[PDB]
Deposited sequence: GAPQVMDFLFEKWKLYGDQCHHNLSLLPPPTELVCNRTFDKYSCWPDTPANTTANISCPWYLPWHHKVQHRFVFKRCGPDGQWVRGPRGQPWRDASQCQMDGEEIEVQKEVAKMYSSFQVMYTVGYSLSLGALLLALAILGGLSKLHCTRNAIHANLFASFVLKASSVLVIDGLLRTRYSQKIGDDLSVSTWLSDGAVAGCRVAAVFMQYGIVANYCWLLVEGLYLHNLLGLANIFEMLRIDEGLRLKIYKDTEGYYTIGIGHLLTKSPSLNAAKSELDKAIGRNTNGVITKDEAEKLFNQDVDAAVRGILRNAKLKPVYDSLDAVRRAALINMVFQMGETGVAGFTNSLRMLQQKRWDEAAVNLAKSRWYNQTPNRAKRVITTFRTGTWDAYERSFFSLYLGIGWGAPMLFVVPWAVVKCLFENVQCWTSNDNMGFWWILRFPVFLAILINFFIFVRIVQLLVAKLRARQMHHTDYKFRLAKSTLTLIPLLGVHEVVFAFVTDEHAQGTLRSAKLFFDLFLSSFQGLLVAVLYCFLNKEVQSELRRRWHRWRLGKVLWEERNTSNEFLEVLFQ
C-alpha cells in the first residue's frame, strides 16, 4: 500500500534517469559506462576515480538527506566495482534512513497482524457504542441532568482513548513493510507529518488513560457524596463551611464553625464563655455540638413565630431543611417577611413559589446560595446540593490529569525524543503517568469500603428498597471500580519480566483485548442497561 506509491516513484525515477543519460554524447575514452544501478543516476566516470551524485529524490526521507551524496567507485578494468554476486556496489551510507528495518518471521508477523485486527475492531465497536450512548444522553430528555453529566464526561475520556489508538494504529500502518525471504522487514521510519501526528495522539491517549480513572473516581465519589445520609449538617457545610479559627462578619462579631456568634460585644478572650459551656472542658465531634444546638434553636424560633409555624408544619423533612437554611442565614423576622412566598409553599405550589422567591431581595444579595435553596423547595430533594460538587468533580476529571500529562509531554520532547512514545524506560511513565492512576485506585478502594458500610446502614433503615435508582446505579459503579482497579495494576506489576517475546506477545494480547472492549463495557452498564433511559426510549419510540 505504502510501498506501492514508493515503487511508482522509483519507476518514475528510473524512466527519468534513462532519458537523461540518453541525451549525453557517446564516450571517446575507456570510461565506466553510464548506468542506472537500481538506486541512482550515474554518468560516465574515468577509471581509478570515485564518482558522486546527490541522494535520490524518490526516497521518503528526501529533505532530511538532500544535501548528502551517494558514491560509486570505478575500477581499473573500465567496469564499475561490483558486489559479491556481481550486483552493483555503491556507498549509500549518507542517504540511509534514520531508523532500522526490523525483521519479523513469516508466522510471527502473521500473528501480530491477526491480533491487531482484534483490538482495532474491539476499539471500533466500543467507540461506536460510546458515541451512540453519548448521542442518546446529550440530545434527548436527560439534557440538564446531574447524574448523566458525570457519565457523559466519563464516556468522553473513553472516546478520546478509543480515538487515539485508532489514529496511532492508522499512523503505524504508514510504515514501509517488505518480505525478505521468510521475514517481513518493517521500517521504523515515519513521515514528518506522521511523527508529529502520532506524538500528539500519544499525549491525547495518555491524557485519556488518566482521565478514565479520574472520572472513575468521580463516579465513586458521586455515590459517596450523594448517598451519605443526606443531613442538614452536609447542607449547611456546603453553604457556609467548617472552620476552627474565629473570623469577622458584616455585623462585627466572632463567627466560628458553621455560623455561630460567641460574644455579643466585639472581643476575642470573652468568646470562650459559650464555647467552654458547649465543650464542657474545637474538632469535628466538638465543633458539631455548637452546630447541633444552633439547628435546635432555629427550629425553636420557627415554632415561636406565628407566620413561620404553619408553613414549617405543612412542609416535608427535606423542604423543612430548606426553610431552616433561610432562618440560619436571615432570622425569624427576616424569613417572616416572605408573606407571599411562604403562602405559596403552604399551598404546595412549588414552581409558583420558585418565581416569587427569586424576585425578592434575598436572591439579589447571595444568588449562588438562594438558587440551591429554591431548588430544594422545587423538587423536594437534595438535587441542588449534589451538583455543588460538580465544579470540583470537573477539576478532578480534566484538571487532575493535566497536572501530570502536560508536564510529561514537555519532558519527553527534550529528554527522550522518540517517534511514537511508548518507551519502556520505567522513569517517566511510572512517576509521571502511572502515579496519578495508582493514587486514584488507592482512593477508589478507600471509597469502596465506605460505600458498603453506607449501603448496609441504608439497607436496614427506612430507605431500604432494591428497585431504587441509587441501588441500581451502585450495581454498575461497584463493578467498574474493581474490574479496572485490578486490570491495570496486574499488568504493570508483571511487564518488565519478559523480554519481547514468546510469553509477552501472548500476555499482551490477553490484556489488550480486554482493554479494547473496556469502553464498550462502560457504555453498556451505565447507559444501555439503565432502566430510566430504557423507559424514555420506550416513550420516545412508541409515540410513532
Deposited seq positions with no alpha-carbon in the coordinates run 1-3, 285-289, 553-574
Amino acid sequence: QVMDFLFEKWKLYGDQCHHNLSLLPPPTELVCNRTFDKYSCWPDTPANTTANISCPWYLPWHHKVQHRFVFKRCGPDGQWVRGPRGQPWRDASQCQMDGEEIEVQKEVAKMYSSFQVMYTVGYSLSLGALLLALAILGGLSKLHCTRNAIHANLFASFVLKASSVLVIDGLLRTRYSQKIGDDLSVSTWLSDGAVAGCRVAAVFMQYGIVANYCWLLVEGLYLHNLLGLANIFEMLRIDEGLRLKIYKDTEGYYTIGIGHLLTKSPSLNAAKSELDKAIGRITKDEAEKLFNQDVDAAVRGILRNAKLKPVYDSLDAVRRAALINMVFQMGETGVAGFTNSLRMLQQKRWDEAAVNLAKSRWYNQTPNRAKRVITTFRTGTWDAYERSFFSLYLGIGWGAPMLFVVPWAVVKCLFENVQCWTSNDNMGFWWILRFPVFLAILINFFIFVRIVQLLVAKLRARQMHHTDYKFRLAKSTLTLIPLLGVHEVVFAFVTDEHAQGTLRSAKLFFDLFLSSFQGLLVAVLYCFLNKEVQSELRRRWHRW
From here on, numbers count along this sequence of modelled residues.
Tell me which stretch, 187-195 or 256-264, has the higher mean Cα B-factor listed in the entry. 256-264
What stretch has the higher average Cα B-factor here, 212-220 or 452-460? 452-460
Reading the B-factor column of the entry, which of 332, 182, 251, 103 has the highest value at its C-alpha atom? 251
Per the PDB entry, maximal CA B factor within 493, 69, 57, 42: 493
If you rank the chain by CA B-factor, which third does residue 485 end up in: lowest, middle or highest? highest
For the chain shown, is the CA B-factor of residue 231 in the lowest, middle or highest third of its modelled residues? middle
Is the Cα B-factor recorded for residue 500 in the lowest, middle or highest third of its chain? highest
Quick check on the deposited entry: does the C-alpha B-factor of residue 225 sit in the lowest, middle or highest third of its chain? middle
Among the modelled residues of this chain, does the Cα B factor of residue 468 put it in the lowest, middle or highest third? highest
